[PDB]
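Okay, so here's just one chain, in structure tokens, the form deposited in one PDB entry.
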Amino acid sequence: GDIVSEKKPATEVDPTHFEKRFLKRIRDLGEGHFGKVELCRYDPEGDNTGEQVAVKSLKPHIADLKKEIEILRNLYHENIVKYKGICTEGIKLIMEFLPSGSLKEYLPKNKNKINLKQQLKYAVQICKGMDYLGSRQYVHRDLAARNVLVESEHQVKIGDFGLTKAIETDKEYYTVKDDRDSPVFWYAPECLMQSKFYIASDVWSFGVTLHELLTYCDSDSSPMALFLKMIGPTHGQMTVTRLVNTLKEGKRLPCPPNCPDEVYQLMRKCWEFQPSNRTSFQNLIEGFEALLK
């Protein structure tokens, strides 16, 4: 008889599957030693009217990216960047694009627009996103101004989850093995000394991110710049031990210029040497809110 073929079933569009052929690169948003985030237009009509998206890929680590995708896909919060979908065969993560970029890009350019009150409002939003993440039993491990995105003058979102780990139920912390490219000038002593990551360790990192926000991410006042002044900039592989010693001695980043002492004191509560002595994200929120009203 006739050639037998397969009955074509009723195909449905998945709005979270982005086809490689319509995903068109515009420029880079960031990169590291294993990957990049690129600005693309998803342009199925081919007339440059498609939606702009942020696309996270790997350089020619897959498993970690798949885990990152699965974490972000299931986070829903107004201060966490929106998952849009994936592009696959290898995999790419597709996210909403925030044209203002990170606080590192935005703050140096917008000092006149963004006063202390707005900085404190950003600080609360960062804290709300982080408290949501902790409520889902995650530790972020990479909270820094470069990973905080600006949705508008009035709203920020946590914009990267590449190091985020689940803390096991009934456990207080996650222990990391892969630690080469750690952001050590953002890390709490327990992270540095033992590679143990608590929710309290994210509070510590928040305090450093707050210091960045308050300095408008000026490079000459960055956590790295200031610590290297405190400890010495030419110690190579002794850097972390000298960082740890400085922190053991009770030395901390200084009060930013024009930062009220009452804001600096909330910051210091993030930097208690022992995790259990640190403030919580909820208490930070309360504290900033008291300063705002």
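In this text, the rigid core denotes the largest set of C-alpha atoms whose superposition between the two forms falls within 1.5 Å. For every residue, the number given is its place in the sequence shown, counted from 1.
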If you look at the other compared entries where the surrounding residues are built, does residue 131 lack coordinates in a third or more?
no
Is residue 179 one of the residues left unmodelled in a third or more of the other entries compared?
no
Quick check on the record: how many residues from the deposited sequence are absent from the model between residue 236 and residue 237 (none, 1 to 3, 4 to 9, 10 or more)?
none
Missing residues of the deposited chain between residue 89 and residue 90 number 4 to 9
Could you check which stretch, 226-234 or 33-41, carries the larger mean CA temperature factor in the entry?
226-234
Could you check which stretch, 139-147 or 165-173, carries the larger mean CA temperature factor in the entry?
165-173
Which of 194, 201, 215, 119 ranks first by CA B-factor in the deposited coordinates
194
Looking at the temperature factor on the CA atom of residue 270, which third of the chain's modelled residues does it land in?
lowest
Third of chain Cα B-factors occupied by residue 78:
middle
How does the C-alpha B factor of residue 62 compare with the rest of the chain: lowest, middle or highest third?
highest
Among the chain's modelled residues, which third holds the C-alpha B-factor of residue 248?
highest
Position of residue 128 among the chain's modelled residues by C-alpha B-factor, lowest, middle or highest third
lowest
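One more form of this protein, deposited in another entry, exists but is not displayed; see below.
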Single mover in 78, 178, 172, 218, with Cα shift of 2 Å or more between this form and the one not shown when the core is superposed
178
Take the rigid core as the frame of reference and indicate whether the C-alpha of residue 262 shifts by 2 Å or more between this form and the one not shown.
no
Comparing between this form and the one not shown on the rigid core: C-alpha of residue 31 shifted by 2 Å or more?
yes
On a core-based superposition, does residue 250 travel 2 Å or more at its Cα between this form and the one not shown?
no
Using the form shown as baseline, tell whether residue 186 and residue 179 are closer or farther in Cα-Cα distance in the other entry, where the change reaches 3 Å or more.
farther
What direction does the residue 103-residue 233 Cα distance move in the other entry compared with the shown chain, closer or farther, given a change of 3 Å or more?
farther
